[PDB]
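What follows is a single chain, given as structure tokens, in the form deposited in one PDB entry.
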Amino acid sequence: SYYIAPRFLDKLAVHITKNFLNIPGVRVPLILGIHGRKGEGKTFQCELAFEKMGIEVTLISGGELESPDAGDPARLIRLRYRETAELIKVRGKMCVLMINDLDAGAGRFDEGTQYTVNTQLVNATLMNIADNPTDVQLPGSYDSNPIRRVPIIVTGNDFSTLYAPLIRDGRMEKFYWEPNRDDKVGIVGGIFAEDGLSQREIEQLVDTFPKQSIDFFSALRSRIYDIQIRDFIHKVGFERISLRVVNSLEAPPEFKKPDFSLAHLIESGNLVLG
């Protein structure tokens, strides 16, 4: 039911596969930096691609690299790297290290706290790894055998100028994700795939809200269930609704998919934006 943008799947599949091939004549970047604004399915499209290709993923949260409880982020990144490399030797399949939301509380998400991702240390680490993907030792350790090369995917809203040297030496490649009209028709099409909307109506929906994100359209669909939810609360009664939903004694409530029109969707859309 979920639509994968072909060019998104291609970019990510080519990047990973290219890191498991040894093609001379060109340098392969170890790191793929996927940036773009929120609510466009950056991470979600990655997951669809990893599922599609059967790729196991070692994950590092940006809130993990932000926290002193992660100890030294340089140490954590290296550990997870060596962890992912072993899985390649063991599982005998493509494995990927992924660092999500590399700029956790930066910009319009800044909460003005003491703690922030040591981006310069993270950058420095990725630079050290990228220079020699086969020899990635923990700080202090020296006597260890060559290790498997692990492709790295990093996502964020944008990437610092600190990453320019990585890019300039082809150790990293930036991929800007902003869904175009063709992408939106595809993605929004998959969201309303079971709602009996034609190709044109889906195009009209996209064309009616050309500046909105993918999340705007899925949110548009979700609010239609509210009438059923209201009625369901009335039947159960306000006094007992809490027990009915949170206590998993009786079966969860079964809701029907509602019939709606492009007209209705557009009306709702304008109300949301209004």
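Residues that one form lacks are left out of the comparison. The first residue of the shown sequence is 1; numbering continues from there. Rigid core here is just the name for the largest C-alpha set that superposes within 1.5 Å across the two forms.
There is another form of this protein, the form deposited in another entry, and it is not shown here; the text below is about that form.
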Listed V57, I233, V28, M53; moving between the shown form and the other one by 2 Å or more at the CA after core fit is just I233
Given a core-based superposition, decide whether the C-alpha of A263 shifts by 2 Å or more between the shown form and the other one.
yes
| said: Quick check: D195 between the shown form and the other one - does its CA shift reach 2 Å or more after fitting the rigid core? | reply: yes
| query | Is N157 one of the residues whose C-alpha moves 2 Å or more between the shown form and the other one after the core fit? | reply | no
In sequence order, the rigid core aligned, runs of at least 3 residues with C-alpha shifts of 2 Å or more between the shown form and the other one are 24-26, 67-71, 115-117, 188-209, 215-246, 254-274
